[PDB]
Structure formats: structure tokens, C-alpha cells
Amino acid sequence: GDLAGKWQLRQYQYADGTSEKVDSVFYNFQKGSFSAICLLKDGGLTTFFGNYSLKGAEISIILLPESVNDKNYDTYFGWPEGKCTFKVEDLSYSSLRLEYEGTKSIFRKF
């Protein structure tokens, strides 16, 4: 469907009203498999791996222990137990909007 493929995380809209552009994070969804490519300042490419499941308008992402133990885990995720359930505020073939505790993750299809 629309969720399948790669997504560039363009912006965070924080619960306190702050917005910040992101240009280094890419989420990928492929039939339950989740992966996130993060582009480091040093020209490096760090990838986190996990799974995702859907229930109504919610998406639960769970990262593998190895991704949770990654030295850059708190830079890009920092989720307790490598898990986060997001509200899908918007999904179309080109747009994705995820919400968790007032913070929005804004994506465009890549």
C-alpha cells in the first residue's frame, strides 16, 4: 500500500511548538520489516533494524536489541525497550505524519 517503501523524515514538530528540519533520517517499511538509515556528520551511514505492526490508525515499531545497543541509539531513537507506538495522523502515497506524546514526525516518500 502507501506505507511501503522509503521515507525521508523532513521535520519534527515538537509538542512545545518548536519545529526543526531533519535531513539525515530515512525510515523504510517493507511487509513488517522496519529499517532506518541515519546519515552521520562524518559521512557514515548507520542503519537501525526492527519490525512494525499496524492496528487501526496506530503503528507500533520495535527495534532489535542490537539497534537498541547501538552507540548512536539515543541520537536518533532513544525509545524505552526499543519500542514506540505512533498515531498515524496522515498517510498517502507521498506523505506520512506520525505522532507520539504531542511530537510529530513529518515524512515525504523517498
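In this text, residue numbers run from 1 along the sequence as written.
Looking at mean Cα B-factors across 27-35 and 67-75, the upper value is held by 67-75. Higher mean CA temperature factor between 37-45 and 55-63: 37-45, per the PDB entry. Per the deposited record, the Cα B-factor of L91 falls in the middle third when ranked against the other modelled residues of its chain. For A15, the recorded CA temperature factor ranks within the highest third of the chain's modelled residues.
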